[PDB]
Every structure is written in structure tokens, then in C-alpha cells.
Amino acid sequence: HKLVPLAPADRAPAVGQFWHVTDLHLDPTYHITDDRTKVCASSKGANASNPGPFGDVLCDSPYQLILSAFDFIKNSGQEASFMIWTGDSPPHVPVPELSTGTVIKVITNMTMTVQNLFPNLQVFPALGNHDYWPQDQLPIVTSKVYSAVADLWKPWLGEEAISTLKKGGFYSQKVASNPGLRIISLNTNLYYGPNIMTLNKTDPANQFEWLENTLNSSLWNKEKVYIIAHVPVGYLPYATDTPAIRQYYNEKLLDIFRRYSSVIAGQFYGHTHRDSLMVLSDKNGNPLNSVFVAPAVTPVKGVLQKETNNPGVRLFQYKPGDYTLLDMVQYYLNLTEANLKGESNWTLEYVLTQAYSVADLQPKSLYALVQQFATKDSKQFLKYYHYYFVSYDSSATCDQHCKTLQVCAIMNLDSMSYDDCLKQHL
């Protein structure tokens, strides 16, 4: 007779879950035709290799492929309280074949697709470098694209997020279904090498100042933060000594993340179209923060490349009310199989804790895994290299130089530690 909240039965609180999808790269031109140089504009005159209804390795995504990915999510039976979506919706075609209006039209199509299929799901998007015309030229002041995506994403974001999105293409947002969790969606395309608009700027769009203030507020308000962005921090795992964003920005952003590692419970990136891990550590090798690079839905590659990825989407599990990451489930589409029979079978690729026999996704757990990778002929690393391409090629091999680059980039996000790793292991 005193209106006290009803106590839940002391069962185990189910884990929380969220989806991460990235790099959809819709090619609206995709159509099967006898002249394989006309299957898709994204192959740029090359012959599609073996095209089917769900795509080709030399093409960006048919609409049917993207629809199959989101249909899989919708029908998966997995509960999820939100989704993160880290950008890159238009296809890889020459600048004159696009325009601002065409870019906005593709992002609108992808946004409405998600909203139609998932009417009750809060989605946290970030912009990719292709989400602007010309590609990679994302500005440091408001623009038509920023204003358009701010309008498109209003169903998911509050007024303050909309206002920063419109001005600079970034925002933070409290997660409605998850009190105490805030998403910080950065515009790391401001730091991407090809961006002429940010050359020699110390703090383009004031994003560093805003990020520091946001994290400081989260720290004092006892929030936890998930960082999402398109281009990741750290070093390319397939090239030597090449930061993914300009070195000046990589060093500055990493220093902010080290300072606020106690608040940041996850970092989630796209852009590479590969499945990669990184572990941010301090200068002495003590692990601080776990980083998860998710592979793309598009399978596209250039003619020059030997390997590509199968389409992928992924699910994270986390501790409710606490937001510590517990697991990651990677799903994929075997594109060759799907095209041969004409029917998609999105399926489990792996569960991280089971694949690698780790307890959870905390920095110390993953740091110990990466130390295993470093051992000669590590079977853990062989598995990881297979998953890097989302199981595209079980016979792909990683020679000594290849592996040094991979492991050094997983373990060492800043220039000093990365170069020291090269010194010791080249």
C-alpha cells in the first residue's frame, strides 16, 4: 500500500546488445548484363569478375545486398537496444559521376531503409569520407550535407546533437535505452589525408576542444562513453609506418583518449573494410582502451588487389548499466555461395571470446591475446588473419613482414611505440 517500484526477480540481468554496420557503399547502377564492364559504375570500366544478385568483388553493393544484411539483422532473433552506423554510403566512382544532391540521395536511401525496417531502434550514425561531394572534402563549417544528415537523423538524436552535426558533422548523444551511456560520434574525416579543407588546421571545426569538454563532462557526470567514427586512429595494418589519419591528428586524438580511458568503454570504427583489433596502451605498454574496426557490407576491391572481404555485420554484448564490453559476434555473407544459388545465408562467422579463448573485451584481456599473436606460428594470429578478410580466403597467408606490420599496428597506435615495434621486429 505504498507504491514502491516492483523488484525484479534476482535472476541474471541479460547482457545488453547493439549492432554495428558500416561501409554500405550502395551502387545504384548495379545490374547484370552481358558486357561485364557495364555491370556497375563502381568497377570503373573493369570487367566484373563473376557477378551475381548479391554483388561482385569488383563492384560496390547492390541494393539487394544491403537489404539482405538489414533483413538478416531484423530476422536474427537478437535483441538490440541500439545500432551504430559508421558511414560511407555512396559508391566508389569518379567525382564527376556524383554530386552533392546524389550523395544526399544515397544517404537518404540508406537512412530511410534503416528507419523503415527498424522503426523502434535508435541508430547512431557517423559520416564517412565518401558521405560528401567531392569525396573526402568534408568542411570545417556548416554545409548542405551536414544540414541534410542532421535533418535525416533527427528521429534518433536530440537538439544539441543536431546542432553540432549541422555545424561540423559530429555530435554526442545520450543513449535513451541505456542511462549512464553516451555515444560520441566523431567526424574523423576532418583528419583524413585527402581532405584539402583541413590542411594545416590545428583544430578543424573545434572538434578537439569539443571532444575534451564532452569527455570531461562525462567524467564528472559518471557517464561511460562509446566513441564511434569512420576513419580509425592508429596505423594501417597492411602498410609500413602509415597513420590512418594525419600523424599530427592521430597523436593529438590518441592523447585525449589516453587521458579519458577511464570513461571510454569502447571505440568503434569503419573505413578499412576489414575486421581488425587495436589496443591503445600507454608509453610503457600498459593497456588502456580496446578498439574494434568492423568490416564493410560492400565486398568491393580494386583490380590490383588480390584479396577482399566478404560482407559483414556485427553485434556487441555489454554489461547492462555498466557498459563494459563482454563479447563481439561477427556475422558474414559468403558472397560466392550466395551468388551461386541465388539465396543469401547471412551466418555466424565467430564469437570473439570463443574464437580466441578470452574472458571479455577489456584492454588487459585483448592485450594478452595480442601477445599470443606475436608468438612464432601463433594459431591465434592465423585465425585472426583469416577473419581480417571476413573468411574470404582460407589460403591467404601472412609472411614474416606481413605479420610484423599487422601485429605492430594492433599493439601500437602512436608513432613512438609503433616505430619502436618496427625497430625490434623488422
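We number the residues from 1 along the sequence you see.
Two stretches are in play, 146-154 and 241-249, and the higher mean C-alpha B-factor belongs to 146-154. In this crystal structure, the stretch out of 113-121 and 183-191 whose C-alpha atoms carry the higher mean B factor is 113-121. In this entry, the residue among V141, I264, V297, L280 with the greatest C-alpha B factor is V141. Ranking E343, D88, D275, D327 by Cα temperature factor from the entry places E343 first. Among the modelled residues of the chain, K44 sits in the highest third by CA temperature factor in this PDB entry. Among all modelled residues in its chain, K166 ranks in the middle third by Cα B-factor. Remark: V303 belongs to the highest third of its chain, ranked by C-alpha B-factor as recorded. Ranked by Cα temperature factor within the chain, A368 sits in the highest third according to the deposited record. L26: CA B factor lies in the middle third for its chain, per the PDB record.
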